[PDB]
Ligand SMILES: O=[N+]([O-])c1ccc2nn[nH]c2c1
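Here we start with a single chain on its own, the form deposited without the named molecule, put down as structure tokens.
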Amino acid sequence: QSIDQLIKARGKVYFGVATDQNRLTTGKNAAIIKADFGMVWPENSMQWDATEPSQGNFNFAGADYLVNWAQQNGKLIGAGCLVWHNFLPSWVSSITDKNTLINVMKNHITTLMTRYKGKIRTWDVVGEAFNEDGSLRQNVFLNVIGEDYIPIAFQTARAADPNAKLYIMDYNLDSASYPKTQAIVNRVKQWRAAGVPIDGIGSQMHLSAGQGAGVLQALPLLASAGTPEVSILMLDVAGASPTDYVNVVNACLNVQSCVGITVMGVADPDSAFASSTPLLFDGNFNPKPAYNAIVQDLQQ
């Protein structure tokens, strides 16, 4: 069965996957995504380097491919990330004037979001803002602009596409006793009391074995920030067993603001961690034991 249709039949929005043109035009990837997943994200093609490799010279070919594929095939779209240190060309990372960086960021956000206006459910606006101790990461935006870059990033995004759900996302938020988990809850609470339009917190989970158990208490904590939504992105898992998967699913089922779960990849070989077998379909396609468990957990 389709784990997307089954999660919707439980009152959730989607079960999604991260993909891109280079994965769709070969093999069985497109057929499996068509059958089993209701939302696609672009792995690489909407990051900054692929979209704006020089100032004001935008590049949308791959982004256009994915968006148009989603609409022809009945799939929702997520998109990002807009403001983070990964995939950040050096022409941006060498800027020093506060005004220069603000305008380039604003134009970047507004150029990408308006090209697809009304067609993207979720936008990852700010990613990987926090260090492990809860303080902010010393990327170029923080050092130069000050911690007001996060408010500017969200207030600019809302103007460009008010229909989009705007998220902040980070990793290592999978335990409620971590300092980074508590910090983001606290800082997202304050930001929202100041009017910063944060609509979702998206928890990137690279899970080892047994780590899924702690997500049952971490996810309700992320919900206490008062964002209308939270989501989960399960990056890695190869080390993990099916019981870690099931604890993540049950975590989303028992948190009423959790809207969906995205997995980073179809089939094992095409993962950055392919050798720990972290996904859901093996090298020959065909479902892994985990897959049947999710179906089982989500059934009747």
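Note that the rigid core is defined as the largest set of C-alphas that superpose within 1.5 Å between two forms. For every residue, the number given is its place in the sequence shown, counted from 1.
A second form of this protein, the form deposited with the named molecule bound, is not displayed here; the remarks below concern that form.
Proximity to the named molecule in the entry with it bound, single hit among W41, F37, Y245, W48 (heavy atom within 4.5 Å): Exactly one listed residue reaches within 4.5 Å, namely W41.
Exactly one of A164, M169, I109, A218 has a non-hydrogen atom within 4.5 Å of the named molecule in the entry with it bound; which residue is it? Contact residue from the list: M169.
Though only this chain appears here, would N29 touch the named molecule in the entry with it bound if you measure heavy atom gaps against 4.5 Å? No, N29 stays farther than 4.5 Å from the named molecule in the entry with it bound.
Heavy atoms within 4.5 Å of the named molecule in the entry with it bound: does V266 have any? Output for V266 is no: heavy atoms all beyond 4.5 Å of the named molecule.
Should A251 be classed as touching the named molecule in the entry with it bound when contacts are defined as heavy atoms within 4.5 Å? Although the named molecule is absent here, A251 would stay clear of it in the entry with it bound, with no heavy atoms inside 4.5 Å.
Indicate whether the named molecule has at least one heavy atom within 4.5 Å of a heavy atom of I33 in the entry with it bound. Output for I33 is no: heavy atoms all beyond 4.5 Å of the named molecule.
Using a 4.5 Å heavy atom cut-off, which stretch among 98 to 106, 156 to 164, 226 to 234, 141 to 149 contacts the named molecule in the entry with it bound? Result of the contact check: 226 to 234.
Residues of 152 to 168 having any heavy atom within 4.5 Å of the named molecule in the entry with it bound, listed in sequence order: Result: empty, none.
Just one of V255, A50, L235, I32 has a CA that shifts 2 Å or more between the shown form and the other one on a core fit; which is it? With the rigid core fitted, the residue that moves is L235.
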